[PDB]
Amino acid sequence: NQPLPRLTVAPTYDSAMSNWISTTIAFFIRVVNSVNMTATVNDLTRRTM
Amino acid sequence: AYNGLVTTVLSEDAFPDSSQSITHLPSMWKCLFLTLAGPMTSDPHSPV
């Protein structure tokens, strides 16, 4: 955590929660593009995933 | 003339609250009307 500011705030990716959200999504993309899903799932429905 | 018997001071509703930032325009407009009505008051703590 960090103390609050009284300047105007804006969504930022610096926050740890954001980092956690980013890594899991990034990691899953690797699950979708793994060999365990390349052989079964069609490629056109893998780019949507 | 009657300073020391009654001192006219700025109102407690005149100052902007501590929390609002200067980015809020009506809270900085109450700071302009306060600095101009500053030395008219006979409070010696008015210039602080």
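All Cβ positions, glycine included, derive from the backbone under ideal geometry; neighbour counts span all protein chains shown. Rule-based calculations on the coordinates, nothing more; no lab input.
Structural remarks
- Radius of gyration and maximum dimension Dmax of the protein assembly as shown, Cα, Å: 29.8, 95
- Compactness of chain B is given as radius of gyration and Dmax, 12.5, 39 Å, from Cα positions.
- Largest-first ellipsoid semi-axes for chain A, taking √(5λ) over the Cα gyration tensor eigenvalues, angstrom: 36, 11, 4
- Summing Cβ point charges (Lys, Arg +1; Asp, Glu -1) relative to the Cα centre of the protein assembly as shown gives a dipole of roughly 620 debye.
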